[PDB]
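Okay, here we've got a single chain as structure tokens, the form deposited without ligand VZQ, with questions on binding and movement later.
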């Protein structure tokens, strides 16, 4: 069924699963027309499909050309997401196909269910968790590849860099979601924390800086403080 706090360790068991987030698929800047009306201009988007256990990210880049001449784009975006996830599954070898796909927004359930009718044994699940994957476009290298794309494109990343050599999936997911939650709540301060020290760099083949274990504990603390801080500033507590 739906996924929540109670069944939280199921993410890191050995049944292949994927999270699908569609919140950056259809992206617009709303602006004014010469006549004083409002128009949208689309920019490139992406489907954020993540294996929470392995860190494998299937970043399908949604080029603005897919929207040309289409109507009801926010609705189309959910079906195009579902079309592209189904195509990914079909492209994978059988032993790599997921047993479950968890959508971060319940509006994807029917589009994905319908596109996956060929896969009756793949469970399509919602979640009660409010996950911060919308903030994926605050990761500079992910944002960079999306904006530069000139055609539809799939790019593969490990969103955990090399963390699984030292920490468990459970801990790697908690770190990822804390980072993303902090980028979502105050992108500027979050990025200042990740880069304040010029001596810690991001490997060419990584997304996040190369923190030692001790430096990560410091970083994580600072990210929590930021999240709590913004909670007071927002709510005045």
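Definition used throughout: the rigid core is the maximal C-alpha set that superposes within 1.5 Å between two forms. Positions refer to the first chain, counted from 1.
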| query | finding |
| --- | --- |
| Higher-deviation stretch (C-alpha RMS, rigid core fit) in 9 other deposited structures of this protein, choosing from 60 to 68 and 38 to 46 | 38 to 46 |
| RMS Cα shift after core superposition in 9 other deposited structures of this protein, winner of 179 to 187 and 27 to 35 | 27 to 35 |
| Residue stretch of maximal mean CA temperature factor, 152 to 160 vs 121 to 129 | 121 to 129 |
| Per the entry, higher mean C-alpha B factor between 58 to 66 and 188 to 196 | 188 to 196 |
| Selection from 209, 45, 36, 52 [criterion: highest C-alpha temperature factor in the record] | 36 |
| Chain thirds of CA B-factor: placement of residue 22 | lowest |
| CA B-factor ranking of residue 11, expressed as a third of its chain | middle |
| B-factor third for the C-alpha atom of residue 180 within its chain | lowest |
| Chain thirds of CA B-factor: placement of residue 143 | middle |
| Within-chain third of residue 28 by Cα B-factor, per the entry | highest |
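The same protein has a further form, the form deposited with ligand VZQ bound, not shown here; the description that follows concerns it.
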| query | finding |
| --- | --- |
| Binding-site state, shown form vs ligand VZQ in the deposited bound form, superposed, 3 or more atoms under 2.4 Å of backbone or C-beta | blocked |
| Listed residue that, although ligand VZQ is not shown, lies within 4.5 Å of it in the deposited bound form (heavy atoms), from 109, 129, 122, 149 | 129 |
| Neighbours of ligand VZQ in the deposited bound form among 7 to 42 [non-hydrogen atom within 4.5 angstroms] | 7, 8, 11 |
